[PDB]
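What follows is calculated from the coordinates using simple rules that are stated; it is not laboratory data. In this analysis, Cβ positions are derived from the backbone assuming ideal geometry, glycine residues included, and neighbour counts consider all displayed protein chains.
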Protein chains: 2
Amino acid sequence: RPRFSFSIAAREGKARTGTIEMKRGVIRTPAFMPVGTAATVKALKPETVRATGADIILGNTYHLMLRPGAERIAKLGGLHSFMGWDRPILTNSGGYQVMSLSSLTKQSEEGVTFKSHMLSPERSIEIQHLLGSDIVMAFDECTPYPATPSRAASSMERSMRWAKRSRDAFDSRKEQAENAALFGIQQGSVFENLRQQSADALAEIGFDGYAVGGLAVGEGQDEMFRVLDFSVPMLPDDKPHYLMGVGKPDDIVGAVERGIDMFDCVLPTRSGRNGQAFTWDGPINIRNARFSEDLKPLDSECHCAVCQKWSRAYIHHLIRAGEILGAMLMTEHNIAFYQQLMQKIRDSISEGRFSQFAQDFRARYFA
Amino acid sequence: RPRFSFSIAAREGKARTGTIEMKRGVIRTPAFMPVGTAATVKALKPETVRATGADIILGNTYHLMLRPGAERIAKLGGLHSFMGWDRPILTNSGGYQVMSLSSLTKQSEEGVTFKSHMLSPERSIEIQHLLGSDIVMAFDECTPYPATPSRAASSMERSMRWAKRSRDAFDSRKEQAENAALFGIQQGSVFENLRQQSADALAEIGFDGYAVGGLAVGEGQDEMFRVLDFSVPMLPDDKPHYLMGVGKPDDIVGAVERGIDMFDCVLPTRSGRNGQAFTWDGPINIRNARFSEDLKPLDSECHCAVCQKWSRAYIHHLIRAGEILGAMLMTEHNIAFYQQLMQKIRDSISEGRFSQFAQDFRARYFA
Ligand SMILES: CNc1nc2cc3c(=O)[nH]c(N)nc3cc2[nH]1
Ligand SMILES: CNc1nc2cc3c(=O)[nH]c(N)nc3cc2[nH]1
Ligand SMILES: [Zn+2]
Ligand SMILES: [Zn+2]
């Protein structure tokens with residue numbers, strides 16, 4: 001098995017489908033990565049996550065470095081062994097989470113000091129190494145939205161300097177360089193010239209994959225798509241393109257249409273526990289009284305184990321009762337739905353009918 | 001498959017081991033019944049409950065009659081279909097829960113009026129019929145502890161009149177009488193003469209099984225065993241003996257030594273979510289800092305899936321983080337532990353070495 005090999009099997013417009021082969025397994029692209037909060041995909045055993053079709057999950061550097069700690073996880077055999085997921089894991093760099101979740105933050109050229117510590121590109125890489133991550137993210141800065149061009153520029157420039165430092169730290173660790181991959185993160189807010197400068201900088205350094213950062217920060221779908229329109233083509237075509245923190249099914253479809261290969265979002269897990277179930281006819285809230293005596297499964301096409309066995313009425317009852325099994329069943333279905341969406345996207349690109357799929361999907365989903 | 005056939009395969013002193021054959025499956029005795037709160041064994045899919053070795057679960061008449069309602073469950077196909085458990089289900093009568101959980105209660109010869117309705121023996125039987133219960137419990141009154149002999153007597157006497165009414169209501173419903181079994185409940189507090197009068201009354205009516213009610217209500221283990229000492233022999237030998245609401249592993253072993261065949265308790269599920277894990281060396285609280293880097297499974301003999309895959313350190317982390325998977329893994333292990341205990345009890349009685357097992361179990365469990 002190779003360390004990291006990306007192959008594009010088919011294209012339709014800007015959309016691509018293919019595979020990333022890594023030592024711990026193959027990732028089918030476009031891919032959706034279920035998010036692990038504290039070394040767990042919430043309410044799911046790893047075997048269940050795999051059963052939904054997931055090829056890779058995301059682990060959180062920020063949370064894990066605090067609890068149970070990176071050194072501790074390393075001492076216990078690494079994240080894979082710790083949580084019982086033996087397939088690839090992508091870890092975030094901590095760059096976004098440190099600014100989003102920390103009570104107080106001090107930013108400087110060295111990195112970020114915070115109250116739940118000091119995250120730097122070097123420390124981020126080290127933490128991800130200690131976790132045993134397969135895909136390591138460069139330490140970046142997610143520019144707040146909106147930003148002046150000047151603020152966006154100085155922020156993106158710092159991120160690019162941090163990207164080079166991340167590259168060097170990663171390359172310095174022989175075992176990491178041998179067995180893991182490193183992705184760079186494009187910044188530049190909504191500005192085409194800065195996105196270009198960022199892409200150029202990242203390409204000059206050279207990464208295994210490129211993330212489009214700085215989006216899904218309140219700009220809205222139209223604006224996000226507008227920025228993706230020009231940003232993705234700036235990235236190397238022959239490497240995977242990862243859109244961080246996205247998103248709703250419609251966001252995913254549109255992003256794929258614009259050349260994105262990888263996604264992660266808390267939406268299917270989070271909103272699942274909240275009562276939101278995804279269906280091909282759009283999301284439903286299972287708590288609604290309308291479902292109290294509905295014997296149909298959450299979605300009548302869905303192939304997941306939940307839809308094979310349990311009714312809307314039962315899941316309605318569980319969620320209204322605050323029962324853990326409610327969260328379990330909703331989460332498994334939603335993740336499975338996301339995986340089925342990705343499978344349909346992959347199949348349609350490979351068959352050269354993705355445009356029709358996107359149209360058909362939207363017509364029904366927003367009926 | 002028979003409606004209800006109890007066979008005793010082996011005995012050792014007062015202990016018995018055998019089987020109850022019912023239409024929906026075989027129950028190995030002595031049996032432990034995981035408790036379903038609101039049509040769910042908390043944090044477990046039914047397939048997982050079955051995987052732990054459970055042959056039968058307990059469903060709660062009191063909770064289900066309120067949410068989602070008995071008629072509603074019947075309309076949705078019955079409790080088995082609703083929750084996806086196709087094996088036997090025993091339902092409590094509501095007699096104890098109505099007094100324990102209701103904000104206000106009015107007691108009379110008709111039954112109990114309460115604020116979350118009016119439960120009577122007839123209504124209780126009807127509700128259990130609507131749920132589709134396999135083992136139906138007579139509607140009783142659990143006398144508070146302590147009670148004067150006179151209060152205990154009038155209470156037990158009412159329960160006996162209610163037992164006859166439960167019998168008649170059950171027998172009146174052809175489909176229930178054909179497919180389900182009915183258990184009577186002995187009362188009489190801690191008084192030998194009243195326990196005898198209660199047993200006589202129940203035997204004269206005639207039931208498929210007999211529960212020892214009115215225990216595990218704060219009397220303590222010594223007193224409970226003292227009462228079991230004389231109470232169980234009063235019950236028909238050729239029918240199953242069910243001790244309601246018991247209990248800790250040591251309570252179960254002692255009760256089996258005194259002729260009890262069936263148990264249910266919230267302990268393994270409840271305390272599991274709270275961080276308490278059962279082991280052969282006694283219970284542990286997985287939240288304790290001592291387990292933070294412990295790579296051993298919860299118990300090093302346990303055959304459950306949790307102990308095959310995950311460490312104490314990981315489960316420690318999950319429970320301290322408030323993660324649902326923590327509750328899932330703890331609950332599966334604890335239920336599996338209880339089932340392994342029951343299997344060891346069954347094997348040792350069948351092999352005529354139960355006395356030695358009980359001694360060996362206690363020496364190690366309370367080391
Ligand atoms: C939910 N929306 C969202 N946008 C994001 C952007 C970044 C980003 O630019 N960098 C890093 N490191 N994580 C991110 C996570 C995001 N999550
Ligand atoms: C946890 N201790 C406990 N003792 C019990 C006694 C009875 C009893 O006498 N009757 C009915 N119906 N349920 C019961 C449930 C119990 N639960
Ligand atoms: Zn489904
Ligand atoms: Zn176990």
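Taking the conditions exactly as written (over 29 Å from B:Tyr242 (Cβ atoms), in contact with a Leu (Cβ under 8 Å, 6 or more places away or on another chain) and away from chain A (no Cβ under 14 Å)), does B:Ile260 satisfy them or not?
When the stated conditions are applied, B:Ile260 does not pass them.
Which one of these is in contact with a helix residue (DSSP H, G or I) (Cβ under 7 Å, 6 or more places away or on another chain) and more than 16 Å from ligand 4 (Cβ to nearest atom): A:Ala163, A:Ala181, A:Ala211?
A:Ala163
Picking from A:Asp264, A:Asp251, which residue would you name as being touching a helix residue (DSSP H, G or I) at 6+ places or on another chain (Cβ under 8 Å) and within 12 Å of ligand 1 (Cβ to nearest atom)?
A:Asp251
Within region A:277-300, can one find any residue that is within 30 Å of A:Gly213 (Cα to Cα), more than 14 Å from ligand 3 (Cβ to nearest atom) and over 20 Å from the mean Cα position of the chain (by Cα)?
Yes.
Only residues that are away from ligand 4 (no atom under 13 Å from the Cβ), part of a loop (DSSP other than H, G, I, E, B) and surrounded by 23 or more Cβ atoms within 10 Å (Cβ to Cβ): list them for region B:259-299, please.
Correct list: B:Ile260, B:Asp261, B:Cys265.
Any chance region B:149-170 includes a residue that's within 14 Å of chain A (Cβ to nearest Cβ), of a type outside the set (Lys, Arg) and either under 22 Å from the mean Cα position of the chain (by Cα) or more than 30 Å from A:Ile319 (Cβ to Cβ) (or both)?
Looking for residues that are within 14 Å of chain A (Cβ to nearest Cβ), of a type outside the set (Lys, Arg) and either under 22 Å from the mean Cα position of the chain (by Cα) or more than 30 Å from A:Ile319 (Cβ to Cβ) (or both), one finds none in region B:149-170, hence no.
Considering only residues that are buried (at least 21 other Cβ atoms within 10 Å of the Cβ) and more than 12 Å from chain B (Cβ to nearest Cβ), which ones fall in region A:300-318?
Those that are buried (at least 21 other Cβ atoms within 10 Å of the Cβ) and more than 12 Å from chain B (Cβ to nearest Cβ): A:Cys304, A:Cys307.
Can you name the number of the only condition in (1) more than 16 Å from ligand 3 (Cβ to nearest atom); (2) more than 25 Å from B:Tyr210 (Cβ to Cβ) that B:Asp55 fails?
Just one mismatch for B:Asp55, condition (2).
Scan region A:337-345 and tell me whether some residue there is closer than 30 Å to A:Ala203 by Cβ, away from chain B (no Cβ under 14 Å) and not polar (S, T, N, Q).
Yes.
With respect to B:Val217, determine if the residue is away from ligand 1 (no atom under 16 Å from the Cβ) and either closer than 16 Å to B:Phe32 by Cα or assigned to a helix (DSSP H, G or I) (or both).
Taking the combined requirement at face value, the residue does not satisfy it.
Test each condition in (1) under 29 Å from the mean Cα position of the chain (by Cα); (2) facing chain A (nearest Cβ under 9 Å) for B:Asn334 and report the one that comes out false.
(2)
Would you list the helices (runs of 4 or more DSSP H) that sit entirely within region A:29-124 and hold 2 or more residues that are within 11 Å of chain B (Cβ to nearest Cβ)?
Where helices (runs of 4 or more DSSP H) fall fully within region A:29-124 and carry at least 2 residues being within 11 Å of chain B (Cβ to nearest Cβ), they are A:46-51, A:61-66, A:70-75, A:79-83.
What residue, of B:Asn288, B:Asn274, is away from chain A (no Cβ under 11 Å) and over 17 Å from B:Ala43 (Cα atoms)?
Result: B:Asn288 is the single residue among B:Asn288, B:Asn274 that is away from chain A (no Cβ under 11 Å) and over 17 Å from B:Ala43 (Cα atoms).
For residues in region A:228-244 being in contact with a helix residue (DSSP H, G or I) (Cβ under 8 Å, 6 or more places away or on another chain) and buried (at least 21 other Cβ atoms within 10 Å of the Cβ), which is farthest from A:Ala199 (Cα to Cα)?
The selected residue is A:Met244.
Name the residues in region A:319-366 that are surrounded by 15 or more Cβ atoms within 10 Å (Cβ to Cβ), more than 30 Å from B:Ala39 (Cα to Cα) and of a type in the set (A, V, I, L, M), would you? It would help to see each step written out before you state the result.
Residues of region A:319-366 that are surrounded by 15 or more Cβ atoms within 10 Å (Cβ to Cβ), as a first pass: A:319-321, A:323-346, A:348-350, A:354, A:357-358, A:361, A:365.
Those left that are additionally more than 30 Å from B:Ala39 (Cα to Cα): A:341-346, A:348-350, A:354, A:357-358, A:361, A:365.
If the condition is that a residue be surrounded by 15 or more Cβ atoms within 10 Å (Cβ to Cβ), more than 30 Å from B:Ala39 (Cα to Cα) and of a type in the set (A, V, I, L, M), then A:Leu341, A:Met342, A:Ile345, A:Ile349, A:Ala358 are the ones that fit.
Here's a check for you: in region B:241-258, which residue that is under 13 Å from the mean Cα position of the chain (by Cα) and assigned to a loop (DSSP other than H, G, I, E, B) is farthest from B:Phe337 (Cα to Cα)?
By that ranking, first place goes to B:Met244.
When you go through (1) under 20 Å from A:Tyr242 (Cβ atoms); (2) in a helix (DSSP H, G or I) one by one for A:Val136, which number turns out not to apply?
For A:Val136, the exception is condition (2).
Read through the list (1) in contact with a strand residue (DSSP E or B) (Cβ under 9 Å, 6 or more places away or on another chain); (2) under 19 Å from A:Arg24 (Cβ atoms), then give the number of the only condition that A:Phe114 fails.
(2)
May I ask you to say which residue of B:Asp222, B:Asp229, B:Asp238 is in a loop (DSSP other than H, G, I, E, B) and either within 16 Å of ligand 3 (Cβ to nearest atom) or more than 14 Å from chain A (Cβ to nearest Cβ) (or both)?
B:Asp238
When you go through B:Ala147, B:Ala152 one by one, which is the residue that is closer than 28 Å to B:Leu228 by Cβ, more than 16 Å from ligand 1 (Cβ to nearest atom), part of a helix (DSSP H, G or I) and of a type in the set (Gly, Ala, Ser)?
Residue meeting the stated conditions: B:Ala152.
Across region A:319-331, which residue is farthest from B:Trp85 (Cα to Cα) among those that are facing another protein chain (nearest Cβ under 8 Å) and not in a helix (DSSP H, G or I)?
Filtering first and then ranking leaves A:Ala321.
Scan region B:200-220 for residues that are within 13 Å of ligand 2 (Cβ to nearest atom) and surrounded by fewer than 16 Cβ atoms within 10 Å (Cβ to Cβ) and jot them down.
Result: B:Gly218, B:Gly220.
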